[PDB]
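Okay, here we've got a single chain as structure tokens, the form deposited without ligand PBE, with questions on binding and movement later.
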């Protein structure tokens, strides 16, 4: 009688706590873990056809190794109008008007990322796989960078949080940036310190926002002290996730009878 979650100070983790309250869920416990073990434990269960509840989110590669389902949400505790976003520190757009114009035209979809995630979960390395995707889809890139002139190794900081999804986007722009002379270092932090780094300026840009709810708390915590320039994805879902052979359990409120 437990749930399996991801990082302690993560956006979705602070929305499972209120969902456990909203739905009344209290002989239950949320296991604060890491992405690495979350899906490790999911393989342990799914392949042994065991009951399991995970803090799931879309886009993710797990919805492709296994058949999985979200639990309906009447008391929308997680929220449902979600989008991933590109945010930079204050005064960025004008220091380097070139890069902030690359960032700002970055749009892409849920399966087009997953392409890179599934390979990264194959056990490939994030740059090599990115270098392949820049060659395949090669007229999305040309738009990602319409009017972006190759630079002479000005440096750009890409602080991210290492959720699967954000090792497929941070590195693909990552590379698309690199591809143009920019020097890249690529700073792995917790959600929390991530926002801080941006708002105080220890990083330049941050392709790692789930808003205007998941990461809500920090957004208000640091108001007029950052730049929201772009909308990477629209229509992203998240919540409690069980594997598809628990047909007797189709909602949060049933999770409990």
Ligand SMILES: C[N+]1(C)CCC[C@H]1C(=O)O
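Numbering follows the first chain given and starts at 1.
Beyond the structure shown, there is the form deposited with ligand PBE bound, which is absent from this document and is the topic of what follows.
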Close approach of residue 73 to ligand PBE in the deposited complex, 4.5 Å, heavy atom:
no
Does the 4.5 Å heavy atom contact test between residue 195 and ligand PBE in the deposited complex come out positive?
no
With the cut-off set at 4.5 Å between non-hydrogen atoms, does residue 163 touch ligand PBE in the deposited complex?
yes
Against ligand PBE in the deposited complex, would residue 214 count as a contact residue? Criterion: heavy atoms within 4.5 Å.
yes
Each of 92, 96 and 203 having a non-hydrogen atom within 4.5 Å of ligand PBE in the deposited complex: is that the case here?
no
Work out which of 242, 19, 12, 233 lies within 4.5 Å of ligand PBE in the deposited complex, going by heavy atoms.
12
Interface check vs ligand PBE in the deposited complex: of 226, 57, 46, 61, the one with a heavy atom inside 4.5 Å is 57
Name the stretch, out of 46-54, 65-73, 22-30, 206-214, where some heavy atom lies within 4.5 Å of ligand PBE in the deposited complex.
206-214
